[PDB]
Amino acid sequence: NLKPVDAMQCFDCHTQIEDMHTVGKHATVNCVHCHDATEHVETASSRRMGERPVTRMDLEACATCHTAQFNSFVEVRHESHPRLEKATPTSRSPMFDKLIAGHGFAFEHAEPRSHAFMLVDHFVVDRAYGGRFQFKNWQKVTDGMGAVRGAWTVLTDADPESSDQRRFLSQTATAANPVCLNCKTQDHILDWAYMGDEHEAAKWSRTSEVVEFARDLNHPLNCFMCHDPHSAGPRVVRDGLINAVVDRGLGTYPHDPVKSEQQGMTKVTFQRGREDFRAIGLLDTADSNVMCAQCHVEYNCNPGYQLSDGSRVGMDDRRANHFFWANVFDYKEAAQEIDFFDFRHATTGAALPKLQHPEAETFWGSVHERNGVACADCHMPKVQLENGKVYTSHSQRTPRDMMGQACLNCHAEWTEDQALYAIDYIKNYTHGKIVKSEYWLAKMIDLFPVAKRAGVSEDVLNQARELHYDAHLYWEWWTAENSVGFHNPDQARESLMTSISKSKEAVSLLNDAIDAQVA
Amino acid sequence: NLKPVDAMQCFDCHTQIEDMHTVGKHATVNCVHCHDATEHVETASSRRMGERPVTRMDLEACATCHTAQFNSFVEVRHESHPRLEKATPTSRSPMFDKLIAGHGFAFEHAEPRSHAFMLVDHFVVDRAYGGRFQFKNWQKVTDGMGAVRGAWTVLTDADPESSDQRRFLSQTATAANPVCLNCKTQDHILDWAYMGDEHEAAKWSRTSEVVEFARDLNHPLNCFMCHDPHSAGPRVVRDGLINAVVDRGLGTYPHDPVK
Amino acid sequence: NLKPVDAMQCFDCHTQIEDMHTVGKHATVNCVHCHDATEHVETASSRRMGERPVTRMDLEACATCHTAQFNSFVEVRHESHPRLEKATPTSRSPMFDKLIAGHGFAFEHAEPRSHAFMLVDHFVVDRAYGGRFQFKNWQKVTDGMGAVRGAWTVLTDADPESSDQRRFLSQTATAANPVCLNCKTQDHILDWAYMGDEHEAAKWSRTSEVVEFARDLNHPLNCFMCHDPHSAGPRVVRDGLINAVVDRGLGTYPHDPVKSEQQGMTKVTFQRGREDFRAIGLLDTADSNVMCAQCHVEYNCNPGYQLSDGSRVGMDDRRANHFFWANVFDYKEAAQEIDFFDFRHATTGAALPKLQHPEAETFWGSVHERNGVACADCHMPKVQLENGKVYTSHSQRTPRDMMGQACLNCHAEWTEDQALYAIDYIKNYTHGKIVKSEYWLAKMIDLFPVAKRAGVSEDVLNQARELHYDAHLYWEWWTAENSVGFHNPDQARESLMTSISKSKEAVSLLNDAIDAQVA
Ligand code: HEC
Ligand code: HEC
Ligand code: HEC
Ligand code: HEC
Ligand code: HEC
Ligand code: HEC
Ligand code: HEC
Ligand code: HEC
Ligand code: HEC
Ligand code: HEC
Ligand code: HEC
Ligand code: HEC
Ligand code: HEC
Ligand code: HEC
Ligand SMILES: O=S([O-])[O-]
Ligand SMILES: O=S([O-])[O-]
Ligand SMILES: O=S([O-])[O-]
Ligand SMILES: O=S([O-])[O-]
Ligand SMILES: O=S([O-])[O-]
Ligand SMILES: O=S([O-])[O-]
Ligand SMILES: O=S([O-])[O-]
Ligand SMILES: [Ca+2]
Ligand SMILES: [Ca+2]
């Protein structure tokens with residue numbers, strides 16, 4: 001059984017914790033729930049840590065007093081089909097392999113499934129660790145509760161004796177690096193300096209051996225990613241997000257200065273040896289738009305190249321951990337501002353961006369966002385009980401499972417079937433334009449080898465490569481983004497029509513040049 | 001927001017609470033969750049209460065850290081048919097009126113329904129208070145969460161100016177007395193001496209005016225009826241049961257001395 | 001009404017029948033249930049048949065005493081979508097037409113449906129008889145009971161006056177031959193010599209006119225294919241299977257000598273004019289793995305060519321009726337051992353194998369097979385009755401229809417939804433790798449005409465053709481095999497990664513050679 005410690009002892013040295021803990025809704029929650037600091041207190045001085053206290057990062061540390069929220073979070077949605085490859089005719093991107101050739105996602109890119117699995121799925125996907133990690137057997141894929149208890153309770157490592165990234169099966173890649181883990185877990189929150197910069201007090205950084213780092217990590221989506229454990233107040237902890245909102249002064253809502261001021265973020269910094277070490281962003285309000293934007297954004301979390309001179313941009317570079325914080329029509333400018341692209345297309349040779357699930361940036365300026373609706377209203381609504389204490393569902397999933405709470409309370413004019421029909425109208429229309437964008441991109445890509453072999457000039461090929469950048473960006477945003485247009489239907493429409501226009505322009509350019517060589 | 005108090009200072013006088021609280025699974029749960037003792041601490045000695053501290057008996061005191069248990073308790077089972085008289089051909093006792101004639105249960109004896117309603121149902125049944133108490137209207141019969149928040153949030157008293165047991169409608173009885181309430185609530189746990197015997201320190205006893213007692217009670221089946229709030233360990237609080245098992249030496253299983 | 005005959009009369013001449021019938025569970029079942037032998041007994045001698053007795057092969061001969069098993073067998077699973085072409089984007093092999101070009105399956109290859117239809121479906125598929133046979137009208141496609149009563153009760157022949165294989169509609173083929181029928185019916189069990197070799201006593205053989213043979217056949221999947229009618233004991237009757245297990249000494253479990261000895265097969269031969277004529281394989285145990293392996297295997301049942309010199313291998317050759325009895329990683333060696341391939345790819349010119357539903361060979365060495373599980377545990381389980389005599393379901397279908405009996409009795413840790421999710425994880429992952437294997441095969445195939453037209457050498461084209469053999473084998477095994485990886489997920493994964501590797505190797509070889517011609 002837990003025995004309480006005297007927090008006044010701690011507060012003598014930890015004045016920021018004192019100011020947060022004594023004022024918030026955890027003022028009565030004793031430190032012993034999350035820290036074992038007995039030897040620390042015996043050996044610390046006001047400026048030296050002494051013995052390092054143990055800090056619990058397991059979700060069960062919160063589940064004892066908050067069982068309803070924990071249980072709602074860990075539920076597995078079995079209807080969210082698992083390990084389902086997107087590069088198939090029945091999924092999001094039928095022509096993905098041709099369009100993405102040259103990039104590591106060609107090795108595997110599955111649809112998302114329930115949050116319980118995020119860390120294990122990151123470890124086992126074919127593009128990440130060369131197939132080094134597997135579930136202990138194929139039965140363990142069902143075990144959401146086990147994954148939450150810890151990745152290493154359900155996974156195996158093919159070679160515990162080595163720590164290098166290498167292929168263990170032929171059709172795998174080794175794309176994973178330490179930046180990735182910041183959107184899968186924050187078990188490393190006390191061991192990673194802000195942005196992953198080198199730091200004397202940091203065990204792990206952008207340049208660490210990712211296999212060694214992985215072995216130290218266990219829990220998905222820690223509860224404290226959105227809730228300060230000391231004040232219980234709303235926050236973010238993701239470095240890249242704090243960097244965009246606060247350091248670069250872009251604001252929580254870059255298109256709306258007023259909403260940014262009402263619903264802002266305050267950066268709180270913690271030091272080691274009196275040098276800045278790590279930071280959090282305290283939110284003015286419990287704003288799920290910004291909480292979910294810790295991960296559901298377009299980002300760099302990988303090495304790349306410079307647009308200017310084509311030189312390698314390695315993990316050591318700050319740009320390898322970056323939130324662009326830009327909508328699809330501002331993205332090219334944002335990538336130019338850091339002089340960066342992701343890969344060269346294997347067929348066309350074009351410098352190209354790689355887009356990641358940009359839900360937050362897509363949602364900006366949409367009808368729902370403009371009306372003050374937030375991710376949680378549709379994806380984590382309040383539970384409705386005939387007789388009960390209301391709490392917020394933490395099962396972050398499609399509103400199709402809870403249409404009464406997620407849609408119909410606001411849309412009183414609709415039945416469930418009518419609201420579903422409105423969603424499908426948007427998704428069907430947008431998916432049609434995605435498929436057409438892919439048809440035109442593929443037609444363009446396939447002309448590159450024909451043009452090369454016909455002796456078309458490098459100048460013409462480079463003109464087509466510049467068009468490929470835009471044709472790609474204005475398509476891939478929408479196969480990356482998970483709502484199939486629902487979050488912003490007009491923007492999806494405008495972007496996908498632009499993609500098709502760019503590809504058609506490139507097709508015309510190449511066809512004419514090929515024909516001129518033939519004559 | 002709650003601010004914790006110095007529990008060690010309490011323990012200078014409260015040695016039984018100290019022994020229970022420091023050892024069990026509520027050792028880290030501060031007294032401020034259930035007690036407002038600021039003036040008490042200022043005025044008490046080990047031999048004098050001073051100002052009486054406030055003690056919370058509402059179930060929400062536990063629901064903050066144990067929402068799953070609270071929500072499962074308060075749920076209303078709509079299939080448990082409400083206000084269903086047992087003395088009918090389709091219920092438990094078709095000839096109950098003839099057989100029970102002379103007893104107060106002849107005025108009304110319904111089948112049980114969900115625990116959330118036990119205190120309000122005790123107050124409104126025709127055999128108990130002469131029909132003095134009613135739900136505010138016939139819609140309120142559904143409101144389990146409201147009854148749990150407190151009986152007087154969902155009930156009305158026909159005559160707040162009098163405190164006597166009498167009939168307000170002809171076919172009612174006044175069978176209720178203070179002993180009844182021990183199986184409906186323990187809001188009176190600090191105001192009732194063991195067995196309801198007369199005691200200088202008891203506001204309420206077996207001989208109190210039950211209408212006055214009723215007005216002072218709010219919550220059904222308090223969570224602490226089965227769980228000690230200090231140790232979190234298993235217990236009972238009902239005097240009559242402790243009297244049978246312990247005082248009269250019958251044991252928890254009178255037919256099995258080993259068990 | 002049936003009148004019993006004196007079996008002692010028969011036993012004077014039929015001593016093998018005596019030894020089987022008098023000992024087994026049909027010792028009390030009189031010969032008249034299945035034979036009309038009155039004139040036979042009047043005219044036979046100990047070595048000459050005289051008048052041929054009539055033998056019933058209709059399933060109703062068993063249904064009188066075994067109605068439960070019969071009714072469970074004949075049930076139509078309407079959820080098993082009928083006449084569904086696999087070469088479509090929503091089915092098993094979206095790029096099948098490009099990959100299989102040159103082979104008769106390009107004319108039609110539908111998904112399987114319920115066993116009641118196997119003989120009629122064989123007769124009416126577009127690749128088989130040139131469209132000669134049809135159901136009497138499009139309503140008859142529903143009539144499972146009618147198909148079981150007899151194919152010719154529900155089918156019509158476009159030209160009863162001719163017996164040649166020819167096209168009756170333009171986009172059909174005439175792939176059917178007498179070997180095919182051995183996996184659709186055994187009505188011919190007394191009229192076909194072992195392996196279909198020429199024999200004086202055999203009415204039909206590998207070289208027969210298949211249209212004439214077809215007209216003589218009526219019933220699907222006779223009950224006696226797995227149960228000896230005389231002893232009632234477990235057996236197989238399929239010649240190709242007996243040949244692999246017994247004649248070639250490969251064993252019932254080629255990867256496990258011990259299991260092969262515990263669960264073995266005894267070949268029993270019957271003679272005509274004191275010369276070996278036909279055979280059965282009596283099983284040591286009621287082993288559904290080996291019973292279902294009569295048909296659910298990779299096989300030759302067709303003419304082909306020699307790998308060594310490219311010469312035709314006709315129906316007259318023993319190799320036209322062959323069970324390879326080899327897993328995917330042993331198959332190439334098995335085809336080399338008989339010097340055989342199926343077709344030349346229409347685009348690449350590569351010699352290629354054609355793979356057939358290799359469920360039995362895929363199941364070997366899988367986790368379930370290693371734990372002593374058999375096909376019937378998941379596809380024909382015991383019926384569970386609150387009050388009833390237990391029998392074995394004969395409705396051989398997906399375990400999704402009976403998850404309680406097929407999975408959950410063994411997997412107590414799972415709900416039905418969890419077990420379904422585990423199946424889908426495997427099928428989704430494997431199908432993703434199938435689609436990727438097809439993408440790479442298609443990319444390779446499409447380079448052949450480009451290379452040819454650029455003047456690439458025959459030596460390079462032949463190197464690519466050798467790679468095509470392996471790229472094809474390691475892909476097609478999995479579109480042929482019906483579990484979409486479930487029966488052996490690790491093997492599917494290893495094979496499909498090998499396919500992709502081989503195709504990528506060939507793409508690189510051809511691209512480099514084309515580029516060298518251009519420069
Ligand atoms: C002064 C003598 C201290 C006492 C009393 C307590 N802590 Fe401490 N702590 C102290 C220092 C100098 C440091 C290094 C960081 C800094 O602020 O200078 C720490 C660090 C921690 C940590 C972080 C550990 C990590 O892994 O990075 C924790 C969780 C922590 N301290 C907790 C803690 C508790 C619970 C205390 C009361 C029991 C406590 N500290 C007392 C200095 C001092
Ligand atoms: C019991 C000892 C608790 C532990 C362990 C955790 N929390 Fe808590 N939490 C607790 C209480 C008594 C309260 C106040 C309840 C009230 O409404 O009065 C809270 C509150 C929260 C909140 C809401 C805060 C707000 O300002 O609205 C959150 C978001 C919260 N708690 C989160 C949380 C986390 C993430 C925990 C694990 C690190 C955790 N709590 C543990 C009691 C206890
Ligand atoms: C936050 C900015 C992230 C970074 C850094 C990484 N990932 Fe991620 N990932 C993120 C989200 C919001 C999602 C779900 C939405 C979606 O579009 O899938 C994911 C999903 C995955 C998955 C599962 C789906 C799949 O692609 O198969 C995997 C396997 C995964 N992510 C791996 C991964 C790798 C290897 C990363 C570093 C190269 C990485 N993620 C970083 C958010 C973020
Ligand atoms: C990084 C730590 C994340 C935070 C914060 C949020 N999400 Fe997320 N989400 C993330 C990943 C890596 C995945 C894929 C997990 C996998 O194993 O594949 C997801 C997935 C989702 C989904 C799909 C769930 C399903 O049933 O398939 C949804 C609807 C979703 N995410 C929504 C969502 C919301 C609304 C968030 C703020 C409350 C949120 N996520 C935060 C990564 C992270
Ligand atoms: C960000 C992706 C979150 C994660 C990780 C966790 N919670 Fe959460 N929580 C989140 C939101 C948007 C809200 C609603 C805020 C509002 O006022 O609208 C909450 C709320 C809570 C509460 C408060 C009580 C309630 O409303 O239910 C608690 C106690 C709470 N959350 C606990 C909790 C636990 C235990 C978590 C890990 C399993 C957890 N939260 C993660 C957003 C996010
Ligand atoms: C948060 C500030 C709490 C308050 C308010 C209440 N309880 Fe509690 N309880 C709390 C914790 C942290 C624990 C330990 C959890 C663990 O398993 O480690 C408990 C435990 C209990 C138990 C279980 C006790 C045991 O198994 O020995 C019970 C029965 C219990 N709590 C009851 C309870 C009651 C009735 C409350 C209102 C008077 C109550 N708790 C309030 C945290 C908190
Ligand atoms: C609008 C046209 C109504 C219809 C249709 C139904 N109800 Fe009603 N009801 C309505 C009002 C305005 C009121 C009084 C509200 C108040 O708070 O003063 C009521 C009252 C009831 C009651 C209580 C009656 C009592 O004597 O105390 C009940 C039990 C009730 N309503 C139930 C009910 C049922 C079951 C209905 C469908 C048959 C129904 N109402 C329809 C308004 C309207
Ligand atoms: C000796 C005079 C016989 C008598 C008595 C019976 N049978 Fe016969 N049978 C006999 C011969 C020489 C043959 C040819 C095969 C052989 O073993 O040498 C047969 C064949 C059959 C068959 C197979 C018919 C076919 O189509 O191939 C059957 C089904 C059969 N016999 C049945 C049978 C029955 C039921 C008898 C008792 C009523 C019986 N036979 C008697 C020789 C002799
Ligand atoms: C009635 C005259 C029957 C005819 C016609 C068929 N079978 Fe039979 N069968 C019959 C009996 C009385 C029994 C024994 C029942 C018992 O359990 O004691 C059987 C048994 C079988 C078995 C089980 C054998 C075993 O060793 O376990 C099988 C597989 C079987 N029978 C198959 C079968 C076939 C395929 C039939 C048509 C050729 C057939 N039976 C006809 C009675 C009768
Ligand atoms: C046993 C070794 C077989 C041989 C010989 C033939 N077929 Fe077959 N066939 C077999 C099985 C186990 C299945 C079901 C599994 C599957 O993958 O489909 C089939 C299926 C068919 C079908 C229906 C499905 C389809 O392809 O449209 C047809 C029309 C069919 N088979 C025809 C056919 C022909 C023409 C054959 C000789 C060239 C032939 N089969 C032989 C098993 C076996
Ligand atoms: C040859 C005589 C076979 C034997 C012995 C077994 N199977 Fe079969 N199976 C065969 C064919 C030709 C077909 C396709 C029939 C058609 O008309 O398309 C099948 C089909 C199946 C299926 C699919 C059923 C569905 O609902 O779609 C299954 C699940 C199946 N077969 C399983 C199976 C089992 C487990 C067997 C041993 C008990 C078995 N089959 C034997 C051909 C033959
Ligand atoms: C009476 C008004 C009918 C309606 C309503 C439906 N059907 Fe029909 N159908 C009808 C007749 C008289 C016939 C020909 C019967 C014969 O044996 O001559 C049919 C035929 C069909 C067929 C076969 C078509 C073929 O081309 O061979 C099919 C597949 C069929 N019918 C199906 C069908 C469906 C699905 C209906 C509802 C949508 C339907 N029929 C209605 C008479 C009538
Ligand atoms: C192989 C593909 C089979 C076909 C064709 C038929 N049956 Fe079958 N049968 C098969 C198996 C795997 C089993 C279970 C054996 C075990 O002990 O596990 C059976 C069993 C029977 C029985 C025994 C009683 C029972 O378990 O139900 C009978 C009487 C039986 N089978 C009859 C029967 C009939 C009538 C068939 C044609 C419709 C038939 N079997 C075909 C495998 C196969
Ligand atoms: C007993 C007769 C079983 C039947 C029926 C089913 N399963 Fe099974 N399964 C069984 C065992 C003994 C094992 C190995 C257990 C271990 O931990 O060693 C399995 C394994 C699986 C697996 C994992 C396969 C892997 O390759 O790692 C899966 C995905 C699985 N089982 C699923 C499954 C399904 C869906 C079933 C019904 C169709 C099913 N099993 C039946 C034992 C038995
Ligand atoms: O209070 S923290 O800043 O040590
Ligand atoms: O914020 S900057 O990188 O445009
Ligand atoms: O790879 S993650 O960013 O989807
Ligand atoms: O500790 S109590 O008994 O005052
Ligand atoms: O008994 S059989 O061999 O004629
Ligand atoms: O059995 S042989 O053909 O390898
Ligand atoms: O053609 S049969 O072998 O599927
Ligand atoms: Ca990116
Ligand atoms: Ca073959």
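Below, all heavy atoms of this structure are taken into account, side chains as well, without hydrogens, waters or symmetry copies. To find a chain, count down the sequence lines: A is the first, B the second, and so on, and within it residues start at 1. Order of listing sets the numbers, starting from 1, for every ligand and every atom in it.
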### Query
For ligand 3, which atoms, with element, lie under 4.0 Å from some heavy atom of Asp121(A)?
29 (C)
### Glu108(A) bridged to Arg83(A) by N-O distance under 4.0 Å
yes
### Task
May I ask you to check whether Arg127(A) has an N/O atom sitting below 3.5 Å from an N/O atom of ligand 3?
yes
### Query
Any cation-pi pair here, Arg132(A) with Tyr129(A), using under 6.0 Å and within 45°?
no
### Message
Considering non-hydrogen atoms of the protein only, which is the closest contact for atom 20 (C) of ligand 3, and what is the distance?
### Response
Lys184(A) NZ, 3.8 Å
### Query
When you measure from atom 37 (C) of ligand 3 to every protein heavy atom, which one gives the shortest distance, and what is it?
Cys180(A) SG, 1.7 Å
### Message
So for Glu481(A), does at least one of its heavy atoms come nearer than 4.0 angstrom to any atom of ligand 3?
### Response
no
### Query
Just heavy atoms, cut-off under 4.0 Å: does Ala44(C) contact ligand 8 by side chain, backbone, both, or neither?
both
## Note on the structure
Checking heavy atoms under 4.0 Å, the part of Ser45(C) that sits near ligand 8 is backbone
### Task
Name the closest protein heavy atom to atom 2 (C) of ligand 3, giving the residue it belongs to and the distance to 0.1 Å.
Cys183(A) SG, 2.7 Å
### Message
With a heavy-atom distance limit of 4.0 Å, tell me whether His35(C) approaches ligand 8 through its side chain, its backbone, both, or neither.
### Response
side chain
### Message
One residue to check: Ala7(C). Relative to ligand 8, which of side chain, backbone, both or neither has a non-hydrogen atom less than 4.0 Å away?
### Response
neither
## Note on the structure
If you scan protein heavy atoms around atom 38 (C) of ligand 6, the nearest is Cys62(B) SG, 2.6 Å
#### Entry: atom 8 (Fe) of ligand 6 to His66(B): nearest N/O/S atom name
NE2
### Task
Enumerate the atoms of ligand 8 whose separation from the nearest heavy atom of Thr55(C) is less than 4.0 angstrom.
29 (C)
### Query
Using heavy atoms and a threshold below 4.0 Å, how should the contact between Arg52(C) and ligand 8 be classified: side chain, backbone, both, or neither?
side chain
### Message
Could you check whether any heavy atom of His33(A) sits closer than 4.0 Å to an atom of ligand 6, since that is the contact criterion I want to use?
### Response
yes
### Message
Would you say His33(B) and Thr28(A) are linked by a side-chain donor-acceptor pair, where the criterion is simply a distance under 3.5 Å?
### Response
yes
### Message
When you compare ligand 3 with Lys86(A), is there at least one nitrogen or oxygen pair between them that comes in under 3.5 angstrom?
### Response
no
### Task
Name the closest protein heavy atom to atom 1 (C) of ligand 6, giving the residue it belongs to and the distance to 0.1 Å.
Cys65(B) SG, 1.8 Å
### Summary
Ranked by distance from atom 33 (C) of ligand 3, the top protein heavy atom is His122(A) ND1, 3.4 Å
### Message
Only heavy atoms of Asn482(A), strictly under 4.0 Å: list the atoms of ligand 3 that pass.
### Response
15 (C), 16 (C), 17 (O)
### Task
Decide whether an N or O pair under 3.5 Å exists between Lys25(B) and ligand 6.
no
### Message
In this structure, does ligand 8 have an atom that sits under 4.0 Å from one of the heavy atoms of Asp12(C)?
### Response
no
### Per-atom contacts of ligand 8 with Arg47(C), taking only distances under 4.0 Å to non-hydrogen atoms
12 (C)
### Task
Would you mind telling me if ligand 6 is within reach of the side chain of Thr64(B), the backbone, both or neither, using heavy atoms under 4.0 Å?
side chain
### Message
What protein heavy atom lies closest to atom 39 (C) of ligand 6? Include the residue and the distance to one decimal.
### Response
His26(B) CE1, 3.2 Å
### Query
Which value, rounded to 10°, describes the NE2(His14(C))-atom 8 (Fe) of ligand 8-NE2(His40(C)) angle?
180°
### Query
Short list, please: which atoms of ligand 8 are under 4.0 Å from a heavy atom of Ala37(C)?
34 (C), 35 (C), 38 (C)
### Query
For ligand 3, which atoms have a heavy atom of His296(A) less than 4.0 angstrom away?
12 (C)
### Query
Counting heavy atoms only, which of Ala110(A), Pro112(A), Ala173(A) comes nearest to atom 24 (C) of ligand 3?
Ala110(A)
### Query
Can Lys354(A) be said to sit on top of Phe105(A)'s aromatic six-ring, NZ or CZ under 6.0 Å from centre and within 45° of the ring axis?
yes
### Summary
Within the 4.0 Å heavy-atom cut-off, what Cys10(C) brings close to ligand 8 is both
### Message
Between ligand 8 and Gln9(C), is the shortest N or O to N or O distance under 3.5 Å?
### Response
no
### Query
Is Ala61(B) in contact with ligand 6, taking contact as a heavy-atom separation below 4.0 Å?
yes
### Message
Can you tell me if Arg113(A) contacts ligand 3 (heavy atom of the residue under 4.0 Å from the ligand)?
### Response
no
